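Asker: Right, I'll just put the structure down here and ask away after.
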Amino acid sequence: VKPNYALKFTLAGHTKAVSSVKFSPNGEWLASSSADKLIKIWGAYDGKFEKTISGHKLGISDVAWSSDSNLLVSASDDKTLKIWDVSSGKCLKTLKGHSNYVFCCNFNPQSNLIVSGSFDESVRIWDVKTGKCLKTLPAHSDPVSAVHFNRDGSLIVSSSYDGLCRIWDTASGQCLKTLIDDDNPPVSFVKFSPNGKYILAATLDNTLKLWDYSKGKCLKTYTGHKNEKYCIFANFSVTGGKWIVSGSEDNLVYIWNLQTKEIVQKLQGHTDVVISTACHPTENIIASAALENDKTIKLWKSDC
Ligand SMILES: Clc1ccc(OCCCNc2ncc[nH]2)c(Cl)c1
C-alpha cells in the first residue's frame, strides 16, 4: 500500500543543471541531458557512468529514447534537435526548423517519427530517417512545455504556458481536442497514461491532474508538492504499486497513490529543485535529477 524507495546511487558528472533523465526501454541504461550541453549515459542498475555524447551548441532541455533503445533524440536551446546513434555516439541528423529554444521531444512507439515542442509556440513532427520536418502545428499561443505520443502513435498531446492541453491527430495534424478546466494556469507538463485513456497534466499552481480526455473531464488531483516555476516531469509508476511520481521545487521526489491521491512517500536527498524523474520499465527503480545548485542524478529502489 506504500512503497519504500531508498537511495542506492548518486550519479555525478554534469557541470550544470540536469534537465531530463530517461530509462532506455530495454531497462539497461539511463540517459541524461543538461544545461552543460551534454548527454550522458549511465548503467540503470549500477549507476555506473558509461559515456558522454556531445554536439549541441547550447544547453539541452530534453532527451528521449527510440523504442529499440538504439537511438536518442535531444532538444536544445540552439533551436535544433539531434538524433544520436547511442553506441557510436554519432549525430545522425540535426533537425532544423524551430525559430527558438526546443523544449521537449519524443519518439512515437514505431520510432519512425519524432515530435517536438518549442518556445516558438509550435509543435513539429519529424521523419527520423530523412531528418525533415513533416508537419508544423500552430499548437499554442505560448511556449510548448511538453509533447507525447499515445500508445499506438495515432495521437499527440501537447501542453503550454497558455494554459491549454491539446490532442492532435498524428496523421492529419488536426487538433482533435482542447482541454479547459475551471481555470487555466500555465501547463508545465503533460503525457498519456500507458493505456492511452488518460492524460496527466502539471500546472504551475502546485497541482497535478489526471484527465479522461475522450470525455474531457478531470478525474484525479494530486497536491502537496511545490511547482510554480519549473516544467517538472511526472510519471506513471506501474512496475509495483500504481503510483504517480513527480519532482518538486522543495527538493523532494513526491510519490502519490494514484487512486486515493494520498502522498505515500517523499524522497529526501537532493539539494535543489528536482526537475525530472523517470520510472524503470520493469524494476521498482526511480531516477531523479536536480537543478544548478545540486547537479546530481539519484537512483532509488523500492521492494514494492
Ligand atoms: Cl533554470 C532552468 C530552467 C529549465 C531547465 O530545464 C528545462 C525544464 C526541464 N525540461 C523539460 N520539462 C518538460 C519537457 N522538457 C533547467 Cl536544466 C534549468
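Residue numbers start at 1 in each chain; chains themselves are named A, B, ... in the order of the C-alpha cells; ligands are numbered from 1 in the order shown.
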Could I get the residues of chain A with an atom no further than 7 Å from an atom of ligand 1, each paired with its nearest atom pair and that distance in Å to one decimal, using only C-alpha atoms and all ligand atoms, sorted by chain and residue number, as a Markdown table?

Answerer:
| residue | atom | partner | partner_atom_place_in_ligand_line | distance |
| --- | --- | --- | --- | --- |
| A:17 | CA | ligand 1 | 17 (Cl) | 4.5 |
| A:18 | CA | ligand 1 | 17 (Cl) | 4.7 |
| A:19 | CA | ligand 1 | 17 (Cl) | 3.5 |
| A:20 | CA | ligand 1 | 10 (N) | 5.6 |
| A:34 | CA | ligand 1 | 17 (Cl) | 5.6 |
| A:35 | CA | ligand 1 | 17 (Cl) | 5.1 |
| A:61 | CA | ligand 1 | 10 (N) | 4.5 |
| A:62 | CA | ligand 1 | 15 (N) | 4.7 |
| A:103 | CA | ligand 1 | 15 (N) | 5.3 |
| A:104 | CA | ligand 1 | 14 (C) | 4.3 |
| A:145 | CA | ligand 1 | 13 (C) | 5.4 |
| A:146 | CA | ligand 1 | 14 (C) | 4.8 |
| A:188 | CA | ligand 1 | 13 (C) | 6.8 |
| A:189 | CA | ligand 1 | 13 (C) | 5.5 |
| A:230 | CA | ligand 1 | 8 (C) | 6.2 |
| A:231 | CA | ligand 1 | 12 (N) | 4.3 |
| A:232 | CA | ligand 1 | 12 (N) | 5.3 |
| A:233 | CA | ligand 1 | 13 (C) | 5.6 |
| A:275 | CA | ligand 1 | 9 (C) | 5.9 |
| A:276 | CA | ligand 1 | 9 (C) | 6.7 |
| A:291 | CA | ligand 1 | 17 (Cl) | 5.8 |
| A:292 | CA | ligand 1 | 18 (C) | 6.8 |

Asker: Please dump the current selection as a PDB file, in the first residue's frame; keep C-alpha atoms.

Answerer:
ATOM      1  CA  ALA A  17      21.712  21.774 -14.091  1.00  0.00           C
ATOM      2  CA  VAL A  18      20.366  18.430 -15.255  1.00  0.00           C
ATOM      3  CA  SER A  19      17.234  18.937 -17.361  1.00  0.00           C
ATOM      4  CA  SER A  20      15.941  15.429 -18.039  1.00  0.00           C
ATOM      5  CA  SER A  34      21.901  19.065 -19.085  1.00  0.00           C
ATOM      6  CA  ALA A  35      22.371  22.800 -19.423  1.00  0.00           C
ATOM      7  CA  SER A  61      16.149  20.669 -22.186  1.00  0.00           C
ATOM      8  CA  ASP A  62      15.096  17.135 -23.035  1.00  0.00           C
ATOM      9  CA  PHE A 103      11.937  22.423 -25.050  1.00  0.00           C
ATOM     10  CA  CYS A 104      10.564  18.885 -25.394  1.00  0.00           C
ATOM     11  CA  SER A 145       6.153  22.687 -22.347  1.00  0.00           C
ATOM     12  CA  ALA A 146       5.638  19.035 -23.340  1.00  0.00           C
ATOM     13  CA  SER A 188       4.117  22.814 -17.384  1.00  0.00           C
ATOM     14  CA  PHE A 189       3.983  19.128 -18.355  1.00  0.00           C
ATOM     15  CA  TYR A 230       9.576  24.872 -13.487  1.00  0.00           C
ATOM     16  CA  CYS A 231       8.477  22.362 -16.109  1.00  0.00           C
ATOM     17  CA  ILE A 232       8.804  19.309 -13.883  1.00  0.00           C
ATOM     18  CA  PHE A 233       8.292  15.830 -15.364  1.00  0.00           C
ATOM     19  CA  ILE A 275      13.211  18.885 -12.226  1.00  0.00           C
ATOM     20  CA  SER A 276      12.942  15.367 -13.608  1.00  0.00           C
ATOM     21  CA  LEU A 291      18.923  21.821 -10.920  1.00  0.00           C
ATOM     22  CA  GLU A 292      22.016  24.024 -10.810  1.00  0.00           C
TER      23      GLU A 292
END

Asker: Give me the residues within 10 Å of region 112-124 of chain A as JSON, numbers by chain, counting only C-alpha atoms and dropping any in the same chain fewer than 4 places off.

Answerer: {"A": [62, 64, 66, 67, 73, 74, 75, 76, 77, 79, 80, 81, 83, 95, 97, 98, 99, 100, 101, 102, 103, 104, 105, 106, 107, 108, 128, 129, 130, 131, 133, 134, 135, 136, 137, 138, 139, 140, 141, 142, 143, 144, 145, 146, 147, 148, 149, 153, 156, 157, 158, 159, 160, 161, 162, 168, 170, 173]}

Asker: Check the smallest atom-to-atom distance from each of A:262, A:182, A:226, A:234 to residue 250 (chain A) using only C-alpha atoms, then report the winner.

Answerer: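 Of A:262, A:182, A:226, A:234, the one nearest residue 250 (chain A) is A:226, counting only C-alpha atoms.
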
Asker: Give the strand (DSSP E or B) residues of region 8-245 of chain A, as assigned by DSSP on the backbone, as a PyMOL selection string.

Answerer: chain A and resi 8-11+18-23+29-34+39-43+49-53+60-65+71-76+80-85+91-96+102-107+113-118+123-127+133-137+144-149+155-160+165-169+175-179+187-192+198-203+207-212+217-222+234-237+243-245

Asker: Which is closer to residue 258 (chain A) than all the others in A:214, A:193, A:15, A:277, using only C-alpha atoms?

Answerer: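 Using only C-alpha atoms, residue 258 (chain A) sits closest to A:193.
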
Asker: Can you tell me how far CA of residue 60 (chain A) sits from CA of residue 38 (chain A), in Å to one decimal?

Answerer: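 Here the two named atoms are 7.2 Å from each other.
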
Asker: Using only C-alpha atoms, determine which residues lie at most 9 Å from residue 240 (chain A), disregarding the query and same-chain residues fewer than 4 positions distant; provide the list as number ranges by chain.

Answerer: A: 3, 282-284, 302-304

Asker: At what distance in Å, to one decimal, does CA of residue 190 (chain A) lie from CA of residue 166 (chain A)?

Answerer: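 Atom-to-atom, CA of residue 166 (chain A) to CA of residue 190 (chain A), that is 9.8 Å.
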
Asker: Find the residues around residue 48 (chain A) up to 12 Å (only C-alpha atoms counted), leave out those fewer than 6 positions away in its own chain, and share them as a list in words.

Answerer: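 Everything that qualifies: residues 8, 9, 10, 11, 12, 13, 28, 29, 30, 31, 40, 41, 42, 297, 298 and 299 of chain A.
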
Asker: Of the residues A:163, A:185, A:194, A:4, which is the one nearest to residue 150 (chain A), using only C-alpha atoms?

Answerer: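 Once distances to residue 150 (chain A) are computed over only C-alpha atoms, the minimum belongs to A:194.
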
Asker: May I ask which of the residues A:280, A:51, A:14, A:90 is the closest one to residue 33 (chain A), counting only C-alpha atoms?

Answerer: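 Among the listed residues, the smallest separation from residue 33 (chain A) belongs to A:14.
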
Asker: Which residue, A:239, A:178, A:288, A:221, has the smallest gap to residue 208 (chain A) when you use only C-alpha atoms?

Answerer: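 Going through A:239, A:178, A:288, A:221 one by one, the smallest distance to residue 208 (chain A) is for A:221.
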